[PDB]
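Next up: just one chain, as C-alpha coordinates, the form deposited in one PDB entry.
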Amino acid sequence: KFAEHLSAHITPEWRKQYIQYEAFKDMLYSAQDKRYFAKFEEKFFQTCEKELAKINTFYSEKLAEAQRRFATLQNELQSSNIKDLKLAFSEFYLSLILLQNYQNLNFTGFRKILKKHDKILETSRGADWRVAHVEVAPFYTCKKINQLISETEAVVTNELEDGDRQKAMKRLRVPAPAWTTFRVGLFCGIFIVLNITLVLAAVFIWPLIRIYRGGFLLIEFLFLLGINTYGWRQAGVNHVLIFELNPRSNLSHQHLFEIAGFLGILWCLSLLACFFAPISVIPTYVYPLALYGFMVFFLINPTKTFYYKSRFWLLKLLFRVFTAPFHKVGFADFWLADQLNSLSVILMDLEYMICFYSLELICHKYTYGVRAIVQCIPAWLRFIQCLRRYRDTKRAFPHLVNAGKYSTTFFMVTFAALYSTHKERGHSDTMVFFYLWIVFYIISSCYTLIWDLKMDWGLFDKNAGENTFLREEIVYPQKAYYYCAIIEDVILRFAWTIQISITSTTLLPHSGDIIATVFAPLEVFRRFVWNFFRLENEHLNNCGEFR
(Lines give C-alpha, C1' and ligand atoms only; values in the text may rest on other atoms or scores of the structure.)
Protein backbone atom coordinates (compact mmCIF):
# COMPACT_ATOMS: atom_id res chain seq x y z
CA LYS A 1 0.00 0.00 0.00
CA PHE A 2 3.08 2.17 -0.47
CA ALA A 3 2.45 2.39 -4.21
CA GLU A 4 -0.77 4.30 -3.56
CA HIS A 5 0.96 6.57 -1.05
CA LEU A 6 3.70 7.30 -3.58
CA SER A 7 1.39 7.97 -6.52
CA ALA A 8 -0.73 10.22 -4.30
CA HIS A 9 2.13 12.27 -2.81
CA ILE A 10 4.53 12.11 -5.77
CA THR A 11 5.45 15.53 -7.09
CA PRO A 12 3.50 16.27 -10.30
CA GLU A 13 6.49 17.96 -11.89
CA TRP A 14 9.22 15.38 -11.16
CA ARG A 15 7.01 12.32 -11.72
CA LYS A 16 9.87 10.68 -13.62
CA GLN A 17 12.78 10.90 -11.19
CA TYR A 18 10.92 9.07 -8.41
CA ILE A 19 11.77 5.39 -8.11
CA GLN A 20 9.54 3.30 -10.36
CA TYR A 21 8.33 1.38 -7.32
CA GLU A 22 5.37 -0.15 -9.14
CA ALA A 23 7.66 -1.23 -11.98
CA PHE A 24 10.06 -2.81 -9.49
CA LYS A 25 7.18 -4.68 -7.86
CA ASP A 26 6.09 -5.90 -11.29
CA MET A 27 9.63 -7.07 -11.98
CA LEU A 28 9.84 -8.93 -8.67
CA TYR A 29 6.46 -10.58 -9.21
CA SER A 30 7.39 -11.69 -12.73
CA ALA A 31 10.65 -13.04 -11.32
CA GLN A 32 9.01 -15.10 -8.58
CA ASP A 33 6.86 -16.78 -11.24
CA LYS A 34 20.16 -21.14 -9.19
CA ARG A 35 20.89 -19.48 -12.53
CA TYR A 36 17.39 -18.00 -12.82
CA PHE A 37 17.51 -16.27 -9.43
CA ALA A 38 21.16 -15.27 -9.86
CA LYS A 39 20.75 -13.51 -13.21
CA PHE A 40 17.49 -11.93 -12.06
CA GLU A 41 19.32 -10.49 -9.06
CA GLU A 42 22.11 -9.24 -11.32
CA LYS A 43 19.82 -7.39 -13.72
CA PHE A 44 17.56 -6.15 -10.91
CA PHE A 45 20.46 -4.69 -8.93
CA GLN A 46 21.73 -3.08 -12.13
CA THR A 47 18.34 -1.38 -12.47
CA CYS A 48 18.51 -0.27 -8.84
CA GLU A 49 22.01 1.10 -9.41
CA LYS A 50 21.00 3.19 -12.42
CA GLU A 51 17.93 4.37 -10.50
CA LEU A 52 20.14 5.48 -7.61
CA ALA A 53 22.39 7.23 -10.13
CA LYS A 54 19.44 9.10 -11.62
CA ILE A 55 18.22 10.21 -8.19
CA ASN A 56 21.72 11.37 -7.28
CA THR A 57 22.02 13.40 -10.48
CA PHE A 58 18.60 15.03 -10.18
CA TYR A 59 19.09 15.82 -6.50
CA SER A 60 22.46 17.42 -7.17
CA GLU A 61 20.97 19.45 -10.02
CA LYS A 62 18.07 20.80 -7.98
CA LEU A 63 20.34 21.37 -4.99
CA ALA A 64 22.59 23.59 -7.07
CA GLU A 65 19.47 25.25 -8.49
CA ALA A 66 18.16 26.03 -5.01
CA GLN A 67 21.64 27.23 -4.01
CA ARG A 68 21.70 29.78 -6.83
CA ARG A 69 18.09 30.73 -6.10
CA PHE A 70 18.87 31.42 -2.44
CA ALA A 71 21.84 33.46 -3.66
CA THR A 72 19.77 35.67 -5.96
CA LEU A 73 17.13 35.97 -3.24
CA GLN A 74 19.62 37.17 -0.62
CA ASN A 75 21.02 39.65 -3.16
CA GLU A 76 17.61 41.11 -3.97
CA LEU A 77 16.79 41.35 -0.27
CA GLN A 78 20.13 43.04 0.39
CA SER A 79 19.18 45.56 -2.31
CA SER A 80 16.72 47.09 0.17
CA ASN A 81 7.24 45.57 -3.56
CA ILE A 82 8.51 44.30 -0.22
CA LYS A 83 5.52 41.99 0.21
CA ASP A 84 6.27 40.70 -3.29
CA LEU A 85 9.75 39.73 -2.11
CA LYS A 86 8.08 38.08 0.89
CA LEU A 87 5.91 36.07 -1.48
CA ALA A 88 8.99 35.07 -3.48
CA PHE A 89 10.66 33.94 -0.25
CA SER A 90 7.63 31.84 0.65
CA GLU A 91 7.65 30.30 -2.82
CA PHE A 92 11.32 29.40 -2.43
CA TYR A 93 10.69 27.83 0.97
CA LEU A 94 7.82 25.79 -0.44
CA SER A 95 10.12 24.59 -3.22
CA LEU A 96 12.72 23.56 -0.64
CA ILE A 97 10.11 21.68 1.38
CA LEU A 98 8.92 19.95 -1.78
CA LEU A 99 12.45 18.85 -2.65
CA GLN A 100 13.05 17.57 0.89
CA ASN A 101 9.81 15.60 0.64
CA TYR A 102 11.09 14.18 -2.64
CA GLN A 103 14.28 13.05 -0.92
CA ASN A 104 12.44 11.45 2.00
CA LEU A 105 10.00 9.70 -0.32
CA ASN A 106 12.81 8.25 -2.42
CA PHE A 107 14.68 7.04 0.66
CA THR A 108 11.59 5.37 2.10
CA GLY A 109 10.71 3.89 -1.27
CA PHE A 110 14.14 2.42 -1.85
CA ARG A 111 14.13 0.87 1.61
CA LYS A 112 10.65 -0.57 1.15
CA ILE A 113 11.33 -2.08 -2.27
CA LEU A 114 14.64 -3.55 -1.17
CA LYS A 115 12.89 -5.06 1.85
CA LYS A 116 10.26 -6.53 -0.47
CA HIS A 117 13.06 -8.05 -2.54
CA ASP A 118 14.75 -9.41 0.58
CA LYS A 119 11.58 -11.08 1.84
CA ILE A 120 10.49 -12.44 -1.54
CA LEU A 121 13.83 -13.78 -2.80
CA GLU A 122 14.85 -15.33 0.56
CA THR A 123 18.22 -13.55 0.34
CA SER A 124 19.79 -11.19 2.89
CA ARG A 125 22.27 -9.58 0.49
CA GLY A 126 19.50 -7.14 -0.42
CA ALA A 127 19.81 -5.14 2.79
CA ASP A 128 23.58 -5.43 2.38
CA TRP A 129 23.45 -3.71 -1.01
CA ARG A 130 21.05 -1.23 0.59
CA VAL A 131 23.42 -0.18 3.36
CA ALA A 132 26.40 -0.29 0.99
CA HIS A 133 25.20 1.74 -2.00
CA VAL A 134 22.42 3.77 -0.40
CA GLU A 135 22.94 5.51 2.97
CA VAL A 136 26.60 6.02 1.95
CA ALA A 137 25.71 8.01 -1.16
CA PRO A 138 24.52 11.58 -1.74
CA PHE A 139 20.80 12.43 -1.96
CA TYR A 140 20.43 10.78 1.44
CA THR A 141 23.71 11.43 3.25
CA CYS A 142 23.68 15.06 2.15
CA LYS A 143 21.96 17.52 4.47
CA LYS A 144 22.42 20.76 2.52
CA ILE A 145 18.64 21.17 2.30
CA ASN A 146 18.46 21.23 6.10
CA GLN A 147 20.88 24.13 6.43
CA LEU A 148 19.32 25.94 3.48
CA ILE A 149 15.93 25.73 5.18
CA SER A 150 17.51 26.89 8.45
CA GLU A 151 19.20 29.91 6.87
CA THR A 152 16.00 30.76 5.03
CA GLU A 153 13.96 30.75 8.23
CA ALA A 154 16.67 32.82 9.92
CA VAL A 155 16.92 35.37 7.13
CA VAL A 156 13.17 35.86 6.79
CA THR A 157 12.81 36.20 10.56
CA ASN A 158 15.63 38.73 10.96
CA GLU A 159 15.11 40.83 7.81
CA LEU A 160 11.44 40.55 6.91
CA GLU A 161 9.97 39.65 10.29
CA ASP A 162 12.79 41.53 12.10
CA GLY A 163 12.95 38.88 14.85
CA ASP A 164 9.44 37.42 15.06
CA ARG A 165 10.25 33.75 14.58
CA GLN A 166 6.73 32.42 15.15
CA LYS A 167 5.16 34.77 12.60
CA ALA A 168 7.78 33.67 10.08
CA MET A 169 6.81 30.07 10.86
CA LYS A 170 3.25 31.11 10.03
CA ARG A 171 4.31 32.79 6.78
CA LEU A 172 6.06 29.59 5.67
CA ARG A 173 4.74 26.01 5.29
CA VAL A 174 1.36 27.17 6.63
CA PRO A 175 -1.37 24.45 6.54
CA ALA A 176 -15.20 31.04 17.60
CA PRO A 177 -13.34 31.11 20.92
CA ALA A 178 -14.93 30.89 24.33
CA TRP A 179 -14.47 34.57 25.11
CA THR A 180 -16.23 35.62 21.92
CA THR A 181 -19.30 33.55 22.72
CA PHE A 182 -19.26 34.95 26.24
CA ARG A 183 -19.18 38.48 24.86
CA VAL A 184 -21.94 37.71 22.37
CA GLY A 185 -24.01 36.63 25.34
CA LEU A 186 -23.00 39.60 27.47
CA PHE A 187 -23.95 42.09 24.80
CA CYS A 188 -27.20 40.31 23.96
CA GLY A 189 -28.17 40.38 27.63
CA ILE A 190 -27.35 44.03 28.18
CA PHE A 191 -29.21 44.77 24.95
CA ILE A 192 -32.30 42.85 26.04
CA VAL A 193 -32.54 44.65 29.35
CA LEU A 194 -31.92 48.02 27.74
CA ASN A 195 -34.71 47.40 25.24
CA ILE A 196 -37.11 46.48 28.03
CA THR A 197 -36.13 49.65 29.87
CA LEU A 198 -36.66 51.53 26.60
CA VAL A 199 -40.20 50.26 26.11
CA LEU A 200 -41.05 50.92 29.75
CA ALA A 201 -39.69 54.44 29.47
CA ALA A 202 -41.67 55.14 26.32
CA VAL A 203 -44.89 53.95 27.92
CA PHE A 204 -44.24 55.92 31.12
CA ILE A 205 -40.59 63.11 18.74
CA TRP A 206 -40.63 62.76 14.98
CA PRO A 207 -37.28 64.58 14.70
CA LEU A 208 -36.08 61.82 17.03
CA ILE A 209 -37.66 58.80 15.37
CA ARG A 210 -35.79 59.92 12.28
CA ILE A 211 -32.41 60.20 13.94
CA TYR A 212 -32.58 56.79 15.60
CA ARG A 213 -34.12 54.95 12.67
CA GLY A 214 -30.69 55.03 11.09
CA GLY A 215 -29.06 53.31 14.02
CA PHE A 216 -31.92 50.86 14.30
CA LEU A 217 -31.76 49.76 10.68
CA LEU A 218 -27.99 49.44 10.81
CA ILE A 219 -28.01 47.30 13.95
CA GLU A 220 -30.84 45.16 12.63
CA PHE A 221 -28.92 44.67 9.41
CA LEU A 222 -25.82 43.57 11.29
CA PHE A 223 -27.74 41.09 13.45
CA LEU A 224 -29.46 39.64 10.40
CA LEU A 225 -26.17 39.49 8.51
CA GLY A 226 -24.68 37.49 11.35
CA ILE A 227 -27.60 35.10 10.99
CA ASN A 228 -26.80 35.02 7.27
CA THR A 229 -23.16 34.16 7.86
CA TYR A 230 -24.27 31.30 10.10
CA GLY A 231 -26.89 29.96 7.70
CA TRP A 232 -24.32 30.05 4.92
CA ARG A 233 -21.47 28.35 6.76
CA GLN A 234 -23.92 25.69 7.98
CA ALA A 235 -25.32 24.86 4.54
CA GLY A 236 -21.84 24.61 3.05
CA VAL A 237 -22.35 27.67 0.84
CA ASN A 238 -18.74 28.82 0.52
CA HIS A 239 -19.17 32.53 1.07
CA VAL A 240 -15.47 32.85 1.97
CA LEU A 241 -14.61 32.06 -1.64
CA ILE A 242 -17.29 34.17 -3.29
CA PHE A 243 -16.49 37.26 -1.25
CA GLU A 244 -12.73 36.73 -1.70
CA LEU A 245 -12.00 36.82 2.02
CA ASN A 246 -8.83 35.44 3.56
CA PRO A 247 -9.82 31.79 4.11
CA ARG A 248 -7.51 31.45 7.11
CA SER A 249 -9.09 34.22 9.20
CA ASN A 250 -12.58 35.52 8.45
CA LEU A 251 -15.50 36.64 10.59
CA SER A 252 -17.83 33.94 11.85
CA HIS A 253 -21.42 34.64 12.80
CA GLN A 254 -20.50 35.22 16.43
CA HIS A 255 -18.28 38.15 15.53
CA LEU A 256 -21.11 39.79 13.63
CA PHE A 257 -23.45 39.11 16.54
CA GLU A 258 -20.93 40.76 18.83
CA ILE A 259 -20.40 43.84 16.66
CA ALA A 260 -24.16 44.25 16.31
CA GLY A 261 -24.71 43.74 20.02
CA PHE A 262 -22.17 46.39 20.91
CA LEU A 263 -23.58 48.93 18.49
CA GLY A 264 -27.01 48.11 19.87
CA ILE A 265 -25.84 48.78 23.40
CA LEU A 266 -24.62 52.18 22.24
CA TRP A 267 -27.92 52.86 20.50
CA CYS A 268 -30.00 51.90 23.53
CA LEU A 269 -27.83 53.93 25.90
CA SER A 270 -28.11 57.02 23.74
CA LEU A 271 -31.87 56.63 23.37
CA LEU A 272 -32.22 56.21 27.13
CA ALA A 273 -30.16 59.33 27.73
CA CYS A 274 -32.63 61.08 25.45
CA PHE A 275 -35.51 59.85 27.62
CA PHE A 276 -34.18 59.85 31.21
CA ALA A 277 -32.24 63.01 30.56
CA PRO A 278 -29.11 62.62 32.68
CA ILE A 279 -26.86 65.46 33.77
CA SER A 280 -28.46 68.57 32.33
CA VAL A 281 -25.30 70.49 31.54
CA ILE A 282 -25.38 68.73 28.15
CA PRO A 283 -28.62 69.08 26.16
CA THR A 284 -30.64 66.32 24.57
CA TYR A 285 -29.44 66.92 21.03
CA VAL A 286 -25.90 65.83 21.99
CA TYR A 287 -26.65 62.15 22.35
CA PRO A 288 -27.45 61.50 18.67
CA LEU A 289 -24.23 63.31 17.78
CA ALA A 290 -22.35 61.29 20.38
CA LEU A 291 -23.87 58.03 19.17
CA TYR A 292 -23.08 58.54 15.50
CA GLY A 293 -19.70 60.07 16.22
CA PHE A 294 -18.89 56.95 18.19
CA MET A 295 -20.13 54.66 15.44
CA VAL A 296 -18.13 56.46 12.76
CA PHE A 297 -15.06 56.52 14.99
CA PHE A 298 -15.45 52.78 15.54
CA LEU A 299 -15.47 52.34 11.78
CA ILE A 300 -12.52 54.58 10.87
CA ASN A 301 -10.48 53.78 13.98
CA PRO A 302 -6.85 54.18 12.84
CA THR A 303 -5.20 52.02 15.50
CA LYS A 304 -5.09 48.30 14.74
CA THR A 305 -7.69 47.25 17.31
CA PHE A 306 -11.31 46.07 17.37
CA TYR A 307 -11.57 44.08 14.15
CA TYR A 308 -8.95 46.15 12.37
CA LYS A 309 -8.65 43.88 9.35
CA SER A 310 -12.43 43.60 9.05
CA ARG A 311 -13.10 47.31 9.39
CA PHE A 312 -10.47 48.22 6.85
CA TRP A 313 -11.68 45.61 4.40
CA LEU A 314 -15.08 47.23 4.77
CA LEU A 315 -13.63 50.70 4.25
CA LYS A 316 -11.86 49.69 1.05
CA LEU A 317 -15.09 48.03 -0.07
CA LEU A 318 -17.07 51.21 0.57
CA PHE A 319 -14.52 53.36 -1.23
CA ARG A 320 -14.74 51.02 -4.20
CA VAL A 321 -18.53 51.11 -4.10
CA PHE A 322 -19.13 54.83 -3.85
CA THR A 323 -16.66 55.77 -6.60
CA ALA A 324 -18.37 53.21 -8.70
CA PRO A 325 -17.74 53.39 -12.48
CA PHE A 326 -13.97 53.24 -12.00
CA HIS A 327 -13.08 50.10 -10.06
CA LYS A 328 -13.71 46.70 -11.58
CA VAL A 329 -16.85 45.13 -10.17
CA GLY A 330 -15.88 42.29 -7.85
CA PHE A 331 -18.55 40.42 -6.02
CA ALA A 332 -18.29 42.21 -2.69
CA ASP A 333 -18.70 45.40 -4.72
CA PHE A 334 -21.87 44.04 -6.26
CA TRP A 335 -23.20 42.70 -2.98
CA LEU A 336 -22.60 45.82 -0.90
CA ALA A 337 -23.83 48.24 -3.54
CA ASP A 338 -26.93 46.08 -3.76
CA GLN A 339 -27.52 46.33 -0.02
CA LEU A 340 -27.57 50.07 0.06
CA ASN A 341 -30.68 49.56 -2.03
CA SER A 342 -32.35 48.43 1.19
CA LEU A 343 -30.54 50.63 3.69
CA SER A 344 -31.57 53.69 1.71
CA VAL A 345 -33.35 54.87 4.84
CA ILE A 346 -30.01 55.13 6.62
CA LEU A 347 -28.89 57.57 3.94
CA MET A 348 -32.19 59.46 4.03
CA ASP A 349 -31.86 59.75 7.80
CA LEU A 350 -28.24 60.86 7.68
CA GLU A 351 -29.25 63.57 5.24
CA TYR A 352 -32.22 64.55 7.38
CA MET A 353 -30.01 64.66 10.46
CA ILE A 354 -27.58 66.99 8.69
CA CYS A 355 -30.48 69.15 7.51
CA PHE A 356 -32.13 69.27 10.94
CA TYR A 357 -28.97 69.96 12.93
CA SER A 358 -28.08 72.73 10.50
CA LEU A 359 -31.40 74.47 9.90
CA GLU A 360 -34.19 73.27 12.21
CA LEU A 361 -32.42 73.11 15.58
CA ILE A 362 -38.42 72.39 6.20
CA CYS A 363 -36.15 69.35 6.39
CA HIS A 364 -38.46 66.36 5.90
CA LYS A 365 -40.11 67.78 2.77
CA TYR A 366 -38.15 67.91 -0.46
CA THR A 367 -35.24 70.15 0.55
CA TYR A 368 -35.29 71.56 -2.99
CA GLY A 369 -34.86 67.96 -4.15
CA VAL A 370 -31.81 67.03 -2.07
CA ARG A 371 -34.09 64.49 -0.42
CA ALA A 372 -35.09 62.85 -3.71
CA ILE A 373 -31.50 62.52 -4.90
CA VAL A 374 -30.08 60.96 -1.74
CA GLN A 375 -32.75 58.34 -2.23
CA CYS A 376 -31.57 57.44 -5.73
CA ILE A 377 -27.88 57.38 -4.77
CA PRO A 378 -27.94 53.63 -3.96
CA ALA A 379 -29.72 52.93 -7.22
CA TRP A 380 -27.29 55.13 -9.10
CA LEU A 381 -24.42 53.07 -7.72
CA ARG A 382 -25.84 49.85 -9.10
CA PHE A 383 -26.97 51.43 -12.37
CA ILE A 384 -23.43 52.54 -13.08
CA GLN A 385 -21.87 49.32 -11.75
CA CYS A 386 -23.93 47.32 -14.21
CA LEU A 387 -22.98 49.79 -16.93
CA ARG A 388 -19.29 49.22 -16.21
CA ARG A 389 -19.77 45.46 -16.15
CA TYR A 390 -21.36 45.77 -19.58
CA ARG A 391 -18.46 47.91 -20.77
CA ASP A 392 -16.02 45.25 -19.60
CA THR A 393 -17.61 41.92 -20.49
CA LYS A 394 -19.59 43.41 -23.40
CA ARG A 395 -22.35 40.93 -22.59
CA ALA A 396 -25.50 42.80 -23.45
CA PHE A 397 -28.30 40.79 -21.88
CA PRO A 398 -27.54 40.45 -18.15
CA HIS A 399 -25.92 43.82 -17.51
CA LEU A 400 -28.12 45.96 -19.74
CA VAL A 401 -31.33 44.46 -18.40
CA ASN A 402 -29.87 44.86 -14.91
CA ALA A 403 -29.32 48.59 -15.46
CA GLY A 404 -32.82 48.80 -16.88
CA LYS A 405 -34.05 47.27 -13.63
CA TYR A 406 -32.44 50.03 -11.58
CA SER A 407 -33.48 52.90 -13.85
CA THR A 408 -37.06 52.32 -12.75
CA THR A 409 -36.18 53.58 -9.28
CA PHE A 410 -35.06 56.85 -10.88
CA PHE A 411 -38.25 57.12 -12.88
CA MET A 412 -40.56 56.18 -10.00
CA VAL A 413 -38.98 58.59 -7.53
CA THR A 414 -38.97 61.38 -10.10
CA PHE A 415 -42.63 60.95 -10.97
CA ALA A 416 -43.67 60.66 -7.33
CA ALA A 417 -41.87 63.90 -6.49
CA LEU A 418 -43.29 65.68 -9.53
CA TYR A 419 -46.87 64.53 -8.97
CA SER A 420 -46.54 65.65 -5.35
CA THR A 421 -45.13 69.09 -6.11
CA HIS A 422 -47.88 69.47 -8.69
CA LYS A 423 -50.80 68.39 -6.52
CA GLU A 424 -49.80 70.54 -3.54
CA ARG A 425 -49.57 73.52 -5.88
CA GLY A 426 -52.82 72.45 -7.55
CA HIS A 427 -51.76 72.24 -11.17
CA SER A 428 -53.90 70.65 -13.88
CA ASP A 429 -51.46 67.93 -14.99
CA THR A 430 -51.41 66.40 -11.50
CA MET A 431 -53.63 63.51 -12.59
CA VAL A 432 -51.39 62.87 -15.60
CA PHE A 433 -48.34 62.75 -13.35
CA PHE A 434 -50.21 60.43 -10.99
CA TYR A 435 -51.00 58.08 -13.87
CA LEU A 436 -47.34 58.09 -14.89
CA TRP A 437 -46.27 57.34 -11.33
CA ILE A 438 -48.75 54.46 -11.13
CA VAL A 439 -47.42 53.00 -14.37
CA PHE A 440 -43.80 53.24 -13.27
CA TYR A 441 -44.65 51.89 -9.82
CA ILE A 442 -46.16 48.76 -11.33
CA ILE A 443 -43.18 48.55 -13.68
CA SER A 444 -40.48 48.86 -11.04
CA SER A 445 -42.22 46.53 -8.61
CA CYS A 446 -42.82 43.75 -11.15
CA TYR A 447 -39.41 44.29 -12.76
CA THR A 448 -37.50 43.89 -9.53
CA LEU A 449 -39.69 41.03 -8.31
CA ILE A 450 -39.33 39.03 -11.53
CA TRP A 451 -35.60 39.68 -11.59
CA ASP A 452 -35.24 38.65 -7.96
CA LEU A 453 -37.09 35.37 -8.39
CA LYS A 454 -35.58 34.40 -11.75
CA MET A 455 -32.04 35.73 -12.01
CA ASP A 456 -31.12 36.62 -8.44
CA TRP A 457 -32.53 33.50 -6.84
CA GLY A 458 -32.42 31.11 -9.77
CA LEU A 459 -35.84 29.77 -8.82
CA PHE A 460 -38.65 29.14 -11.29
CA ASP A 461 -36.08 27.07 -13.17
CA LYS A 462 -37.36 24.78 -15.86
CA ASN A 463 -35.26 21.77 -14.85
CA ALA A 464 -37.28 21.87 -11.62
CA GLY A 465 -38.72 18.37 -11.69
CA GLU A 466 -39.46 17.26 -8.14
CA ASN A 467 -38.57 20.61 -6.57
CA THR A 468 -41.64 22.31 -8.01
CA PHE A 469 -41.17 25.94 -9.03
CA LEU A 470 -37.53 25.88 -7.90
CA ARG A 471 -34.22 24.80 -9.38
CA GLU A 472 -32.67 21.34 -9.20
CA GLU A 473 -29.97 21.73 -6.57
CA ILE A 474 -31.35 23.13 -3.32
CA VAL A 475 -29.01 23.62 -0.38
CA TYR A 476 -31.38 24.63 2.39
CA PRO A 477 -32.87 21.74 4.24
CA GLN A 478 -36.64 22.26 4.13
CA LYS A 479 -38.38 23.04 0.92
CA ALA A 480 -40.87 25.23 2.76
CA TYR A 481 -38.20 27.93 3.00
CA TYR A 482 -38.20 28.64 -0.72
CA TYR A 483 -41.99 28.97 -0.92
CA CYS A 484 -42.04 31.15 2.19
CA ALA A 485 -39.43 33.37 0.59
CA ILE A 486 -41.23 33.50 -2.75
CA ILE A 487 -44.41 34.68 -1.04
CA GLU A 488 -42.48 37.04 1.22
CA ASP A 489 -40.59 38.64 -1.65
CA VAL A 490 -43.78 39.06 -3.67
CA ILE A 491 -45.31 40.88 -0.71
CA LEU A 492 -42.34 42.96 0.47
CA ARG A 493 -41.25 44.08 -2.98
CA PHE A 494 -44.37 46.17 -3.39
CA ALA A 495 -43.92 47.46 0.14
CA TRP A 496 -40.41 48.71 -0.57
CA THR A 497 -41.42 50.63 -3.68
CA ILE A 498 -44.48 52.13 -2.01
CA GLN A 499 -42.27 53.23 0.87
CA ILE A 500 -39.74 54.84 -1.46
CA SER A 501 -42.47 56.63 -3.39
CA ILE A 502 -44.16 57.82 -0.19
CA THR A 503 -40.91 59.07 1.33
CA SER A 504 -40.37 61.09 -1.84
CA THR A 505 -43.73 62.89 -1.67
CA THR A 506 -44.77 65.16 1.18
CA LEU A 507 -48.46 64.44 0.60
CA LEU A 508 -49.09 61.93 3.41
CA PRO A 509 -47.32 63.25 6.56
CA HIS A 510 -48.12 61.12 9.58
CA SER A 511 -48.62 57.83 7.66
CA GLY A 512 -45.58 59.19 5.78
CA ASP A 513 -43.44 58.43 8.77
CA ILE A 514 -45.27 55.60 10.47
CA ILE A 515 -45.00 53.97 7.07
CA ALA A 516 -41.34 54.78 6.47
CA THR A 517 -40.74 53.46 10.01
CA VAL A 518 -42.73 50.25 9.88
CA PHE A 519 -41.72 49.48 6.28
CA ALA A 520 -38.06 50.25 6.73
CA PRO A 521 -37.18 47.43 9.15
CA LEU A 522 -39.26 45.10 7.00
CA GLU A 523 -37.20 45.82 3.93
CA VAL A 524 -33.97 45.09 5.73
CA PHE A 525 -35.58 41.78 6.57
CA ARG A 526 -36.38 41.25 2.91
CA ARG A 527 -32.75 41.89 2.05
CA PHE A 528 -31.63 39.54 4.81
CA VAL A 529 -33.74 36.86 3.15
CA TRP A 530 -32.68 37.67 -0.42
CA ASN A 531 -29.11 37.21 0.79
CA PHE A 532 -29.67 33.51 1.45
CA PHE A 533 -30.85 32.54 -1.99
CA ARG A 534 -28.68 34.98 -3.90
CA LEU A 535 -25.55 33.56 -2.30
CA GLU A 536 -26.89 30.06 -2.80
CA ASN A 537 -27.42 30.66 -6.51
CA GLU A 538 -23.96 32.20 -6.72
CA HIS A 539 -22.46 29.10 -5.10
CA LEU A 540 -24.39 26.68 -7.28
CA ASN A 541 -25.11 28.07 -10.74
CA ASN A 542 -22.71 31.05 -10.71
CA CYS A 543 -25.37 33.49 -11.91
CA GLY A 544 -23.21 36.52 -11.18
CA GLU A 545 -20.14 35.34 -13.11
CA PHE A 546 -17.53 37.04 -10.95
CA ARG A 547 -15.48 33.84 -10.94
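Under this definition, the rigid core comprises the largest set of C-alpha atoms superposing within 1.5 Å between the forms. For every residue, the number given is its place in the sequence shown, counted from 1.
Below, we refer to the form deposited in another entry, which is not included among the displayed structures.
In the overlay on the core between this form and the one not shown, a shift of 2 Å or more in CA position is seen for a single residue of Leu470, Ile219, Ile242, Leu114, which is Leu114.
Once you line up the core between this form and the one not shown, the Cα of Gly185 stays within less than 2 Å of where it was.
After superposition on the rigid core, the Cα of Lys479 moves by less than 2 Å between this form and the one not shown. Superposition of the core reveals a Cα shift of 2 Å or more for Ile149 between this form and the one not shown. Relative to the shown form, the CA atoms of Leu314 and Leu87 are brought 3 Å or more closer together in the other entry.
Put simply, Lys316 and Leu87 come closer in the other entry: their C-alpha atoms are 3 Å or more nearer than in the form shown.
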